[PDB]
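Structure file run_32.txt; described as compact mmCIF, N, CA, C and O atoms.
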# COMPACT_ATOMS: atom_id res chain seq x y z
N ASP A 1 0.85 -1.22 0.00
CA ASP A 1 0.00 0.00 0.00
C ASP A 1 0.87 1.24 0.00
O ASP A 1 2.08 1.16 0.10
N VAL A 2 0.23 2.37 -0.12
CA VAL A 2 1.01 3.63 -0.13
C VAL A 2 1.52 4.00 1.27
O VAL A 2 0.76 4.01 2.22
N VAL A 3 2.79 4.30 1.37
CA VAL A 3 3.36 4.67 2.70
C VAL A 3 3.28 6.19 2.92
O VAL A 3 3.18 6.95 1.98
N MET A 4 3.33 6.59 4.17
CA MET A 4 3.26 8.05 4.49
C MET A 4 4.23 8.41 5.62
O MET A 4 4.04 7.99 6.75
N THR A 5 5.24 9.17 5.30
CA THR A 5 6.22 9.57 6.34
C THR A 5 5.68 10.75 7.16
O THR A 5 5.57 11.85 6.66
N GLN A 6 5.36 10.49 8.40
CA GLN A 6 4.83 11.58 9.27
C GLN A 6 5.93 12.22 10.12
O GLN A 6 6.65 11.54 10.82
N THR A 7 6.01 13.52 10.04
CA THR A 7 7.04 14.26 10.83
C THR A 7 6.68 15.74 10.93
O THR A 7 5.95 16.24 10.11
N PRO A 8 7.17 16.41 11.94
CA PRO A 8 8.01 15.80 12.99
C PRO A 8 7.15 15.11 14.04
O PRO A 8 5.93 15.14 13.97
N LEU A 9 7.79 14.49 14.99
CA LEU A 9 7.02 13.79 16.05
C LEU A 9 6.60 14.78 17.13
O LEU A 9 5.53 14.69 17.70
N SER A 10 7.47 15.73 17.39
CA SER A 10 7.17 16.76 18.42
C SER A 10 7.48 18.16 17.89
O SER A 10 8.27 18.31 16.97
N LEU A 11 6.86 19.15 18.46
CA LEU A 11 7.11 20.54 17.99
C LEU A 11 7.10 21.54 19.15
O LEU A 11 6.14 22.26 19.35
N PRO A 12 8.18 21.55 19.90
CA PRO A 12 8.31 22.46 21.05
C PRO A 12 8.47 23.90 20.56
O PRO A 12 9.57 24.35 20.27
N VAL A 13 7.38 24.59 20.47
CA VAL A 13 7.43 26.00 19.99
C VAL A 13 7.02 26.99 21.07
O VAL A 13 6.75 26.62 22.20
N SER A 14 6.99 28.24 20.69
CA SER A 14 6.61 29.31 21.65
C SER A 14 5.27 29.92 21.22
O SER A 14 4.93 29.91 20.05
N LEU A 15 4.53 30.42 22.17
CA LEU A 15 3.22 31.03 21.82
C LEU A 15 3.40 32.30 21.01
O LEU A 15 3.49 33.39 21.54
N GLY A 16 3.46 32.13 19.72
CA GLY A 16 3.64 33.31 18.82
C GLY A 16 4.52 32.95 17.62
O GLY A 16 4.61 33.70 16.66
N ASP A 17 5.15 31.80 17.69
CA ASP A 17 6.03 31.36 16.57
C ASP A 17 5.22 30.77 15.42
O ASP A 17 4.01 30.89 15.39
N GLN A 18 5.90 30.16 14.49
CA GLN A 18 5.19 29.55 13.32
C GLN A 18 5.23 28.02 13.41
O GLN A 18 5.99 27.46 14.18
N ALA A 19 4.42 27.37 12.61
CA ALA A 19 4.41 25.88 12.64
C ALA A 19 4.56 25.30 11.23
O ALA A 19 4.36 25.98 10.25
N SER A 20 4.91 24.04 11.17
CA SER A 20 5.08 23.39 9.84
C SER A 20 5.06 21.86 9.97
O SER A 20 6.08 21.21 9.92
N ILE A 21 3.88 21.32 10.16
CA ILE A 21 3.77 19.84 10.30
C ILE A 21 3.98 19.17 8.94
O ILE A 21 3.41 19.59 7.96
N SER A 22 4.79 18.15 8.91
CA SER A 22 5.04 17.45 7.61
C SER A 22 4.30 16.12 7.50
O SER A 22 4.18 15.38 8.46
N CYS A 23 3.83 15.84 6.31
CA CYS A 23 3.09 14.57 6.05
C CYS A 23 3.39 14.12 4.63
O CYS A 23 2.63 14.37 3.71
N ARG A 24 4.51 13.46 4.46
CA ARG A 24 4.89 12.98 3.10
C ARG A 24 4.20 11.68 2.70
O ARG A 24 3.59 11.01 3.52
N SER A 25 4.31 11.36 1.44
CA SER A 25 3.69 10.12 0.91
C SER A 25 4.67 9.40 -0.01
O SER A 25 5.55 10.01 -0.58
N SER A 26 4.51 8.11 -0.15
CA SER A 26 5.42 7.34 -1.03
C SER A 26 5.22 7.73 -2.50
O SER A 26 6.17 8.04 -3.20
N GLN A 27 3.99 7.71 -2.93
CA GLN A 27 3.69 8.07 -4.34
C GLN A 27 2.77 9.29 -4.39
O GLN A 27 2.21 9.69 -3.39
N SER A 28 2.63 9.85 -5.56
CA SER A 28 1.75 11.04 -5.71
C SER A 28 0.29 10.67 -5.45
O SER A 28 -0.25 9.81 -6.11
N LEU A 29 -0.32 11.34 -4.51
CA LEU A 29 -1.75 11.03 -4.20
C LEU A 29 -2.68 11.70 -5.21
O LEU A 29 -3.79 12.10 -4.88
N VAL A 30 -2.22 11.82 -6.43
CA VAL A 30 -3.06 12.46 -7.48
C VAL A 30 -3.77 11.39 -8.31
O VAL A 30 -3.15 10.45 -8.77
N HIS A 31 -5.05 11.56 -8.48
CA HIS A 31 -5.83 10.57 -9.28
C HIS A 31 -5.74 10.85 -10.78
O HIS A 31 -5.30 11.91 -11.20
N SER A 32 -6.18 9.90 -11.57
CA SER A 32 -6.14 10.07 -13.05
C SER A 32 -6.93 11.30 -13.50
O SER A 32 -6.63 11.89 -14.52
N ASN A 33 -7.93 11.66 -12.73
CA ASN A 33 -8.74 12.85 -13.11
C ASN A 33 -8.03 14.15 -12.73
O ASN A 33 -8.44 15.23 -13.12
N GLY A 34 -6.97 14.02 -11.96
CA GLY A 34 -6.21 15.23 -11.54
C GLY A 34 -6.65 15.73 -10.16
O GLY A 34 -6.12 16.71 -9.66
N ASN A 35 -7.61 15.07 -9.57
CA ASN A 35 -8.08 15.51 -8.23
C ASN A 35 -7.20 14.92 -7.12
O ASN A 35 -6.73 13.81 -7.23
N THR A 36 -7.00 15.70 -6.09
CA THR A 36 -6.16 15.22 -4.95
C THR A 36 -7.05 14.75 -3.80
O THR A 36 -8.17 15.19 -3.67
N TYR A 37 -6.52 13.89 -2.96
CA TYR A 37 -7.34 13.40 -1.81
C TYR A 37 -6.52 13.31 -0.53
O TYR A 37 -5.92 12.29 -0.23
N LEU A 38 -6.51 14.38 0.22
CA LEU A 38 -5.74 14.39 1.50
C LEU A 38 -6.31 15.44 2.45
O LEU A 38 -6.58 16.55 2.06
N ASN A 39 -6.47 15.06 3.69
CA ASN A 39 -7.02 16.01 4.69
C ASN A 39 -6.15 16.07 5.95
O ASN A 39 -5.28 15.24 6.15
N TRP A 40 -6.40 17.06 6.77
CA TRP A 40 -5.61 17.22 8.02
C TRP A 40 -6.51 17.06 9.24
O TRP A 40 -7.72 17.09 9.13
N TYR A 41 -5.91 16.91 10.39
CA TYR A 41 -6.73 16.75 11.63
C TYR A 41 -6.04 17.38 12.84
O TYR A 41 -4.84 17.60 12.85
N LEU A 42 -6.83 17.66 13.84
CA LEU A 42 -6.30 18.28 15.09
C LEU A 42 -7.16 17.86 16.28
O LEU A 42 -8.38 17.91 16.21
N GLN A 43 -6.53 17.43 17.34
CA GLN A 43 -7.32 17.01 18.53
C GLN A 43 -6.75 17.59 19.81
O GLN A 43 -5.58 17.92 19.89
N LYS A 44 -7.59 17.72 20.80
CA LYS A 44 -7.14 18.28 22.10
C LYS A 44 -7.10 17.19 23.18
O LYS A 44 -6.52 16.14 22.98
N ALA A 45 -7.72 17.45 24.30
CA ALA A 45 -7.72 16.44 25.40
C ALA A 45 -8.80 15.38 25.16
O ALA A 45 -8.51 14.20 25.17
N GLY A 46 -10.01 15.82 24.96
CA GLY A 46 -11.12 14.84 24.73
C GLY A 46 -12.33 15.55 24.11
O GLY A 46 -13.46 15.31 24.49
N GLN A 47 -12.06 16.41 23.17
CA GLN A 47 -13.16 17.16 22.50
C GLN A 47 -13.47 16.56 21.13
O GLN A 47 -12.82 15.63 20.69
N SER A 48 -14.46 17.11 20.48
CA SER A 48 -14.84 16.59 19.13
C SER A 48 -13.68 16.78 18.15
O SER A 48 -12.86 17.67 18.31
N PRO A 49 -13.63 15.94 17.14
CA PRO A 49 -12.57 16.01 16.12
C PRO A 49 -12.55 17.37 15.42
O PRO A 49 -13.59 17.96 15.19
N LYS A 50 -11.37 17.85 15.11
CA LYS A 50 -11.27 19.18 14.43
C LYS A 50 -10.60 19.05 13.06
O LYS A 50 -9.60 18.38 12.92
N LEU A 51 -11.18 19.70 12.08
CA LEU A 51 -10.61 19.65 10.70
C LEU A 51 -10.19 21.04 10.24
O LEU A 51 -10.98 21.97 10.28
N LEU A 52 -8.96 21.17 9.82
CA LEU A 52 -8.47 22.49 9.34
C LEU A 52 -8.48 22.54 7.81
O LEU A 52 -8.98 23.48 7.22
N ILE A 53 -7.93 21.52 7.22
CA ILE A 53 -7.87 21.44 5.73
C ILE A 53 -8.38 20.08 5.27
O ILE A 53 -8.02 19.07 5.84
N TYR A 54 -9.19 20.06 4.25
CA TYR A 54 -9.71 18.75 3.76
C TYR A 54 -9.22 18.45 2.34
O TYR A 54 -9.39 17.36 1.83
N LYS A 55 -8.64 19.44 1.73
CA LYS A 55 -8.12 19.27 0.35
C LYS A 55 -6.84 20.09 0.19
O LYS A 55 -6.90 21.28 -0.01
N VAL A 56 -5.71 19.42 0.29
CA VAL A 56 -4.37 20.08 0.16
C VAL A 56 -4.29 21.44 0.89
O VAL A 56 -3.61 21.54 1.90
N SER A 57 -4.95 22.45 0.38
CA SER A 57 -4.90 23.78 1.06
C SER A 57 -6.31 24.27 1.43
O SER A 57 -6.47 25.06 2.34
N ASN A 58 -7.28 23.78 0.71
CA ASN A 58 -8.70 24.18 0.97
C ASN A 58 -9.05 24.11 2.46
O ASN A 58 -9.22 23.04 3.02
N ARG A 59 -9.18 25.26 3.07
CA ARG A 59 -9.52 25.30 4.52
C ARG A 59 -11.02 25.06 4.73
O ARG A 59 -11.81 25.24 3.82
N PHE A 60 -11.38 24.66 5.92
CA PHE A 60 -12.82 24.40 6.20
C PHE A 60 -13.56 25.70 6.53
O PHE A 60 -12.95 26.69 6.92
N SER A 61 -14.85 25.68 6.35
CA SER A 61 -15.66 26.89 6.64
C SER A 61 -15.61 27.25 8.13
O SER A 61 -16.46 26.85 8.90
N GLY A 62 -14.59 27.98 8.50
CA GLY A 62 -14.44 28.38 9.93
C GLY A 62 -12.97 28.38 10.34
O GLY A 62 -12.62 28.78 11.43
N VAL A 63 -12.13 27.92 9.44
CA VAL A 63 -10.67 27.87 9.74
C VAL A 63 -10.01 29.20 9.35
O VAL A 63 -9.99 29.57 8.19
N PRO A 64 -9.45 29.88 10.32
CA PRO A 64 -8.78 31.18 10.09
C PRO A 64 -7.60 31.04 9.13
O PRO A 64 -6.99 29.99 9.04
N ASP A 65 -7.29 32.11 8.44
CA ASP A 65 -6.15 32.08 7.48
C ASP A 65 -4.84 31.71 8.18
O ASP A 65 -3.83 31.50 7.53
N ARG A 66 -4.87 31.64 9.48
CA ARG A 66 -3.64 31.29 10.23
C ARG A 66 -3.16 29.89 9.83
O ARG A 66 -1.99 29.60 9.86
N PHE A 67 -4.11 29.07 9.45
CA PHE A 67 -3.76 27.67 9.04
C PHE A 67 -3.70 27.56 7.52
O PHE A 67 -4.61 27.97 6.82
N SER A 68 -2.64 26.98 7.03
CA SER A 68 -2.50 26.83 5.56
C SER A 68 -1.85 25.49 5.21
O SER A 68 -0.89 25.09 5.83
N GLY A 69 -2.40 24.82 4.23
CA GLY A 69 -1.83 23.51 3.83
C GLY A 69 -1.32 23.57 2.39
O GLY A 69 -1.98 24.10 1.52
N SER A 70 -0.15 23.03 2.17
CA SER A 70 0.41 23.05 0.79
C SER A 70 1.47 21.97 0.63
O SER A 70 1.73 21.21 1.55
N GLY A 71 2.07 21.91 -0.52
CA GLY A 71 3.12 20.88 -0.77
C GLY A 71 2.89 20.22 -2.13
O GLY A 71 1.98 20.57 -2.85
N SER A 72 3.72 19.26 -2.46
CA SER A 72 3.55 18.57 -3.77
C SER A 72 2.62 17.37 -3.64
O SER A 72 2.11 17.10 -2.57
N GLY A 73 2.42 16.67 -4.72
CA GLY A 73 1.53 15.47 -4.67
C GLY A 73 2.10 14.42 -3.72
O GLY A 73 1.42 13.50 -3.32
N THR A 74 3.36 14.59 -3.39
CA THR A 74 4.02 13.63 -2.46
C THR A 74 4.51 14.35 -1.21
O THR A 74 5.33 13.84 -0.48
N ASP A 75 3.99 15.52 -1.00
CA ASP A 75 4.41 16.30 0.19
C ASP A 75 3.31 17.25 0.65
O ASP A 75 2.83 18.06 -0.12
N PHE A 76 2.92 17.12 1.89
CA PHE A 76 1.85 18.01 2.42
C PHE A 76 2.26 18.55 3.79
O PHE A 76 2.68 17.80 4.65
N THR A 77 2.14 19.84 3.97
CA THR A 77 2.54 20.42 5.28
C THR A 77 1.47 21.34 5.85
O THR A 77 0.75 22.00 5.13
N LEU A 78 1.39 21.36 7.16
CA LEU A 78 0.39 22.22 7.85
C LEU A 78 1.12 23.41 8.47
O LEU A 78 1.68 23.31 9.55
N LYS A 79 1.12 24.51 7.76
CA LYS A 79 1.82 25.71 8.28
C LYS A 79 0.88 26.65 9.04
O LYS A 79 -0.26 26.86 8.65
N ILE A 80 1.38 27.18 10.12
CA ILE A 80 0.57 28.11 10.94
C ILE A 80 1.31 29.42 11.10
O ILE A 80 2.50 29.43 11.38
N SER A 81 0.61 30.50 10.91
CA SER A 81 1.27 31.81 11.05
C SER A 81 1.75 32.05 12.48
O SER A 81 2.93 32.20 12.71
N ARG A 82 0.83 32.09 13.40
CA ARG A 82 1.23 32.32 14.81
C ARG A 82 0.60 31.25 15.71
O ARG A 82 -0.59 31.24 15.94
N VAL A 83 1.43 30.36 16.18
CA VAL A 83 0.93 29.28 17.06
C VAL A 83 0.45 29.84 18.40
O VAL A 83 1.24 30.20 19.25
N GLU A 84 -0.84 29.90 18.55
CA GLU A 84 -1.42 30.43 19.81
C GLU A 84 -1.65 29.29 20.81
O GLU A 84 -1.11 28.21 20.65
N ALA A 85 -2.43 29.55 21.82
CA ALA A 85 -2.70 28.50 22.83
C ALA A 85 -3.73 27.48 22.34
O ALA A 85 -3.73 26.35 22.77
N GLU A 86 -4.59 27.91 21.44
CA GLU A 86 -5.62 26.97 20.92
C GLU A 86 -5.01 25.98 19.92
O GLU A 86 -5.46 24.85 19.81
N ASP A 87 -4.01 26.42 19.21
CA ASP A 87 -3.36 25.52 18.21
C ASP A 87 -2.70 24.33 18.89
O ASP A 87 -2.48 23.30 18.27
N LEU A 88 -2.39 24.49 20.15
CA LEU A 88 -1.74 23.38 20.90
C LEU A 88 -2.58 22.11 20.87
O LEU A 88 -3.79 22.16 20.71
N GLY A 89 -1.93 20.99 21.04
CA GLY A 89 -2.66 19.69 21.03
C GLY A 89 -1.94 18.68 20.15
O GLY A 89 -0.73 18.71 20.03
N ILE A 90 -2.70 17.79 19.56
CA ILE A 90 -2.09 16.76 18.69
C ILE A 90 -2.57 16.93 17.24
O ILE A 90 -3.73 17.19 17.01
N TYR A 91 -1.67 16.78 16.31
CA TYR A 91 -2.07 16.94 14.88
C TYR A 91 -1.91 15.64 14.09
O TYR A 91 -1.07 14.81 14.41
N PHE A 92 -2.72 15.48 13.07
CA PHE A 92 -2.65 14.25 12.24
C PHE A 92 -3.06 14.56 10.79
O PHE A 92 -3.47 15.66 10.48
N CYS A 93 -2.94 13.58 9.94
CA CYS A 93 -3.31 13.79 8.51
C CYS A 93 -3.74 12.46 7.88
O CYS A 93 -3.42 11.41 8.39
N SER A 94 -4.46 12.53 6.79
CA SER A 94 -4.91 11.26 6.14
C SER A 94 -5.10 11.44 4.64
O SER A 94 -5.16 12.55 4.15
N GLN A 95 -5.20 10.34 3.94
CA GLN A 95 -5.39 10.43 2.47
C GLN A 95 -6.63 9.64 2.04
O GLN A 95 -7.04 8.71 2.69
N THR A 96 -7.21 10.07 0.95
CA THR A 96 -8.42 9.38 0.43
C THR A 96 -8.19 9.00 -1.03
O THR A 96 -9.05 9.20 -1.87
N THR A 97 -7.03 8.46 -1.29
CA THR A 97 -6.69 8.05 -2.68
C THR A 97 -6.70 6.52 -2.83
O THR A 97 -7.25 6.00 -3.77
N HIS A 98 -6.08 5.84 -1.89
CA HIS A 98 -6.04 4.35 -1.97
C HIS A 98 -6.99 3.72 -0.94
O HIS A 98 -7.39 4.36 0.01
N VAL A 99 -7.32 2.47 -1.17
CA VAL A 99 -8.23 1.77 -0.23
C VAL A 99 -7.59 0.47 0.30
O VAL A 99 -7.06 -0.31 -0.46
N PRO A 100 -7.64 0.28 1.60
CA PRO A 100 -8.24 1.25 2.54
C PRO A 100 -7.38 2.51 2.66
O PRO A 100 -6.19 2.48 2.45
N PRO A 101 -8.02 3.61 3.00
CA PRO A 101 -7.31 4.89 3.16
C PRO A 101 -6.23 4.78 4.23
O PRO A 101 -6.48 4.31 5.32
N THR A 102 -5.05 5.24 3.91
CA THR A 102 -3.94 5.18 4.90
C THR A 102 -3.96 6.38 5.84
O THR A 102 -3.99 7.52 5.40
N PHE A 103 -3.94 6.10 7.11
CA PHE A 103 -3.95 7.19 8.12
C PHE A 103 -2.58 7.32 8.79
O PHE A 103 -1.83 6.37 8.84
N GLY A 104 -2.29 8.49 9.29
CA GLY A 104 -0.98 8.70 9.95
C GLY A 104 -0.90 10.09 10.58
O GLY A 104 -1.81 10.88 10.46
N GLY A 105 0.20 10.35 11.25
CA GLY A 105 0.37 11.68 11.89
C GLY A 105 0.45 11.53 13.41
O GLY A 105 0.17 10.48 13.95
N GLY A 106 0.85 12.58 14.07
CA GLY A 106 0.96 12.52 15.55
C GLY A 106 1.96 13.56 16.06
O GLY A 106 2.72 13.30 16.97
N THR A 107 1.93 14.71 15.46
CA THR A 107 2.87 15.78 15.88
C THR A 107 2.37 16.43 17.17
O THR A 107 1.31 17.03 17.20
N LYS A 108 3.14 16.29 18.22
CA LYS A 108 2.72 16.89 19.52
C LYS A 108 3.13 18.36 19.60
O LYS A 108 4.29 18.69 19.74
N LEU A 109 2.15 19.23 19.50
CA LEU A 109 2.44 20.68 19.57
C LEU A 109 2.31 21.18 21.01
O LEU A 109 1.25 21.59 21.44
N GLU A 110 3.40 21.09 21.73
CA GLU A 110 3.39 21.55 23.15
C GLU A 110 4.30 22.76 23.32
O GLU A 110 5.34 22.85 22.70
N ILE A 111 3.89 23.67 24.16
CA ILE A 111 4.73 24.88 24.38
C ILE A 111 5.99 24.53 25.17
O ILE A 111 5.95 23.75 26.10
N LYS A 112 7.09 25.13 24.79
CA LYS A 112 8.36 24.85 25.50
C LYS A 112 8.32 25.43 26.92
O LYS A 112 7.36 26.07 27.31
N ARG A 113 9.37 25.20 27.65
CA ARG A 113 9.43 25.73 29.04
C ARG A 113 10.84 26.20 29.38
O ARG A 113 10.94 27.30 29.90
Entire entry expressed as structure tokens:
Amino acid sequence: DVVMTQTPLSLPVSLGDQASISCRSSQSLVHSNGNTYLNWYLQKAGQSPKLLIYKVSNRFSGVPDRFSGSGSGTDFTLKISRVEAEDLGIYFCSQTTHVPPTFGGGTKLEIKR
């Protein structure tokens, strides 16, 4: 199946810095029609699932411009302008190109000390 290199594992940043979660793939997640299939995820302690981007960069209806997704067909990253206190938590990503869909991710965004 298609592999996905998830990185980094941890992201000790400061409240105000920038972010860049990486989510690579073995092959291009581009379909014959030219459509891409990859989404991002974010979770806290025990709240409902959160979605920032569902299509490479396409943000969800409610996601501030602070969050941006981009990269090549074999590279996807979650960049954040200013990592605030709400951005903290756990991040993940997934693809909807192959079946079963391959899931991955786990970047721990915790503030340094």
Task: Selection: 6 Å around segment 30-40 of chain A, all atoms listed in the file, excl. self and same-chain fewer than 2 positions, as a PyMOL selection string - done: chain A and resi 27-28+42+50-56+73+92-97
Generate a file of the selected residues that holds N, CA, C and O atoms, formatted as a tab-separated table (two decimals), in the frame of the given file.
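Just written: part-v9.tsv:
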chain	number	residue	atom	x	y	z
A	27	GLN	N	3.99	7.71	-2.93
A	27	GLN	CA	3.69	8.07	-4.34
A	27	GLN	C	2.77	9.29	-4.39
A	27	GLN	O	2.21	9.69	-3.39
A	28	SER	N	2.63	9.85	-5.56
A	28	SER	CA	1.75	11.04	-5.71
A	28	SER	C	0.29	10.67	-5.45
A	28	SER	O	-0.25	9.81	-6.11
A	42	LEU	N	-6.83	17.66	13.84
A	42	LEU	CA	-6.30	18.28	15.09
A	42	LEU	C	-7.16	17.86	16.28
A	42	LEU	O	-8.38	17.91	16.21
A	50	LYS	N	-11.37	17.85	15.11
A	50	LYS	CA	-11.27	19.18	14.43
A	50	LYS	C	-10.60	19.05	13.06
A	50	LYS	O	-9.60	18.38	12.92
A	51	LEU	N	-11.18	19.70	12.08
A	51	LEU	CA	-10.61	19.65	10.70
A	51	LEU	C	-10.19	21.04	10.24
A	51	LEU	O	-10.98	21.97	10.28
A	52	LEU	N	-8.96	21.17	9.82
A	52	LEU	CA	-8.47	22.49	9.34
A	52	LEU	C	-8.48	22.54	7.81
A	52	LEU	O	-8.98	23.48	7.22
A	53	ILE	N	-7.93	21.52	7.22
A	53	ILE	CA	-7.87	21.44	5.73
A	53	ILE	C	-8.38	20.08	5.27
A	53	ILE	O	-8.02	19.07	5.84
A	54	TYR	N	-9.19	20.06	4.25
A	54	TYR	CA	-9.71	18.75	3.76
A	54	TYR	C	-9.22	18.45	2.34
A	54	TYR	O	-9.39	17.36	1.83
A	55	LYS	N	-8.64	19.44	1.73
A	55	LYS	CA	-8.12	19.27	0.35
A	55	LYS	C	-6.84	20.09	0.19
A	55	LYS	O	-6.90	21.28	-0.01
A	56	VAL	N	-5.71	19.42	0.29
A	56	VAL	CA	-4.37	20.08	0.16
A	56	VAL	C	-4.29	21.44	0.89
A	56	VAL	O	-3.61	21.54	1.90
A	73	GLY	N	2.42	16.67	-4.72
A	73	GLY	CA	1.53	15.47	-4.67
A	73	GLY	C	2.10	14.42	-3.72
A	73	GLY	O	1.42	13.50	-3.32
A	92	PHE	N	-2.72	15.48	13.07
A	92	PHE	CA	-2.65	14.25	12.24
A	92	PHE	C	-3.06	14.56	10.79
A	92	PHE	O	-3.47	15.66	10.48
A	93	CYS	N	-2.94	13.58	9.94
A	93	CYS	CA	-3.31	13.79	8.51
A	93	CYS	C	-3.74	12.46	7.88
A	93	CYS	O	-3.42	11.41	8.39
A	94	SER	N	-4.46	12.53	6.79
A	94	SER	CA	-4.91	11.26	6.14
A	94	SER	C	-5.10	11.44	4.64
A	94	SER	O	-5.16	12.55	4.15
A	95	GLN	N	-5.20	10.34	3.94
A	95	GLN	CA	-5.39	10.43	2.47
A	95	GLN	C	-6.63	9.64	2.04
A	95	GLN	O	-7.04	8.71	2.69
A	96	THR	N	-7.21	10.07	0.95
A	96	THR	CA	-8.42	9.38	0.43
A	96	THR	C	-8.19	9.00	-1.03
A	96	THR	O	-9.05	9.20	-1.87
A	97	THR	N	-7.03	8.46	-1.29
A	97	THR	CA	-6.69	8.05	-2.68
A	97	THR	C	-6.70	6.52	-2.83
A	97	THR	O	-7.25	6.00	-3.77
Task: Which of A:18, A:57, A:10, A:65 sits closest to residue 77 of chain A [using only N, CA, C and O atoms] - done: A:57
- [ ] Mind giving me the straight-line distance from atom O of residue 78 of chain A to atom O of residue 7 of chain A in Å, one decimal?
- [x] 8.3 Å
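Atom N of residue 79 of chain A is positioned 20.6 Å from atom N of residue 102 of chain A.
If only N, CA, C and O atoms are the atoms counted, then among A:21, A:15, A:63, A:45 the closest residue to residue 84 of chain A is A:15.
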- [ ] Rank nothing, just name the residue among A:26, A:44, A:14, A:2 nearest to residue 98 of chain A, using all atoms listed in the file.
- [x] A:2
Open item on the list: Which of segment 30-76 of chain A end up as strand (DSSP E or B) when DSSP is run on this backbone - answer as number ranges by chain?
Closed with: A: 30, 36, 38-43, 50, 53-55, 58-59, 67-70, 75-76
For the selection just defined, write its residues with N, CA, C and O atoms to a file, as an mmCIF file, in the coordinates of the input.
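So out-v9.cif came out as:
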data_model
loop_
_atom_site.group_PDB
_atom_site.id
_atom_site.type_symbol
_atom_site.label_atom_id
_atom_site.label_comp_id
_atom_site.auth_asym_id
_atom_site.auth_seq_id
_atom_site.Cartn_x
_atom_site.Cartn_y
_atom_site.Cartn_z
ATOM 1 N N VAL A 30 -2.220 11.820 -6.430
ATOM 2 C CA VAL A 30 -3.060 12.460 -7.480
ATOM 3 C C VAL A 30 -3.770 11.390 -8.310
ATOM 4 O O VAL A 30 -3.150 10.450 -8.770
ATOM 5 N N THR A 36 -7.000 15.700 -6.090
ATOM 6 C CA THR A 36 -6.160 15.220 -4.950
ATOM 7 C C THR A 36 -7.050 14.750 -3.800
ATOM 8 O O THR A 36 -8.170 15.190 -3.670
ATOM 9 N N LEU A 38 -6.510 14.380 0.220
ATOM 10 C CA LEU A 38 -5.740 14.390 1.500
ATOM 11 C C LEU A 38 -6.310 15.440 2.450
ATOM 12 O O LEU A 38 -6.580 16.550 2.060
ATOM 13 N N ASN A 39 -6.470 15.060 3.690
ATOM 14 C CA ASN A 39 -7.020 16.010 4.690
ATOM 15 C C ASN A 39 -6.150 16.070 5.950
ATOM 16 O O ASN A 39 -5.280 15.240 6.150
ATOM 17 N N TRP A 40 -6.400 17.060 6.770
ATOM 18 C CA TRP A 40 -5.610 17.220 8.020
ATOM 19 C C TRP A 40 -6.510 17.060 9.240
ATOM 20 O O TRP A 40 -7.720 17.090 9.130
ATOM 21 N N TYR A 41 -5.910 16.910 10.390
ATOM 22 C CA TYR A 41 -6.730 16.750 11.630
ATOM 23 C C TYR A 41 -6.040 17.380 12.840
ATOM 24 O O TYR A 41 -4.840 17.600 12.850
ATOM 25 N N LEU A 42 -6.830 17.660 13.840
ATOM 26 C CA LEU A 42 -6.300 18.280 15.090
ATOM 27 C C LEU A 42 -7.160 17.860 16.280
ATOM 28 O O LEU A 42 -8.380 17.910 16.210
ATOM 29 N N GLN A 43 -6.530 17.430 17.340
ATOM 30 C CA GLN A 43 -7.320 17.010 18.530
ATOM 31 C C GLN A 43 -6.750 17.590 19.810
ATOM 32 O O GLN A 43 -5.580 17.920 19.890
ATOM 33 N N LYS A 50 -11.370 17.850 15.110
ATOM 34 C CA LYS A 50 -11.270 19.180 14.430
ATOM 35 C C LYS A 50 -10.600 19.050 13.060
ATOM 36 O O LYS A 50 -9.600 18.380 12.920
ATOM 37 N N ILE A 53 -7.930 21.520 7.220
ATOM 38 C CA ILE A 53 -7.870 21.440 5.730
ATOM 39 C C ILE A 53 -8.380 20.080 5.270
ATOM 40 O O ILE A 53 -8.020 19.070 5.840
ATOM 41 N N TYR A 54 -9.190 20.060 4.250
ATOM 42 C CA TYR A 54 -9.710 18.750 3.760
ATOM 43 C C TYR A 54 -9.220 18.450 2.340
ATOM 44 O O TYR A 54 -9.390 17.360 1.830
ATOM 45 N N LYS A 55 -8.640 19.440 1.730
ATOM 46 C CA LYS A 55 -8.120 19.270 0.350
ATOM 47 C C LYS A 55 -6.840 20.090 0.190
ATOM 48 O O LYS A 55 -6.900 21.280 -0.010
ATOM 49 N N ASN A 58 -7.280 23.780 0.710
ATOM 50 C CA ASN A 58 -8.700 24.180 0.970
ATOM 51 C C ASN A 58 -9.050 24.110 2.460
ATOM 52 O O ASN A 58 -9.220 23.040 3.020
ATOM 53 N N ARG A 59 -9.180 25.260 3.070
ATOM 54 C CA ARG A 59 -9.520 25.300 4.520
ATOM 55 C C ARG A 59 -11.020 25.060 4.730
ATOM 56 O O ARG A 59 -11.810 25.240 3.820
ATOM 57 N N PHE A 67 -4.110 29.070 9.450
ATOM 58 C CA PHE A 67 -3.760 27.670 9.040
ATOM 59 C C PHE A 67 -3.700 27.560 7.520
ATOM 60 O O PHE A 67 -4.610 27.970 6.820
ATOM 61 N N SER A 68 -2.640 26.980 7.030
ATOM 62 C CA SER A 68 -2.500 26.830 5.560
ATOM 63 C C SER A 68 -1.850 25.490 5.210
ATOM 64 O O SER A 68 -0.890 25.090 5.830
ATOM 65 N N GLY A 69 -2.400 24.820 4.230
ATOM 66 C CA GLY A 69 -1.830 23.510 3.830
ATOM 67 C C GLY A 69 -1.320 23.570 2.390
ATOM 68 O O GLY A 69 -1.980 24.100 1.520
ATOM 69 N N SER A 70 -0.150 23.030 2.170
ATOM 70 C CA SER A 70 0.410 23.050 0.790
ATOM 71 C C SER A 70 1.470 21.970 0.630
ATOM 72 O O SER A 70 1.730 21.210 1.550
ATOM 73 N N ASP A 75 3.990 15.520 -1.000
ATOM 74 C CA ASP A 75 4.410 16.300 0.190
ATOM 75 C C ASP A 75 3.310 17.250 0.650
ATOM 76 O O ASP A 75 2.830 18.060 -0.120
ATOM 77 N N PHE A 76 2.920 17.120 1.890
ATOM 78 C CA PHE A 76 1.850 18.010 2.420
ATOM 79 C C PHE A 76 2.260 18.550 3.790
ATOM 80 O O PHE A 76 2.680 17.800 4.650
#
Open item on the list: Could you check the closest approach to residue 86 of chain A for each of A:41, A:1, A:109, A:8 and tell me which residue wins, using only C-alpha atoms?
Closed with: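 The answer is A:109, which sits nearest to residue 86 of chain A.
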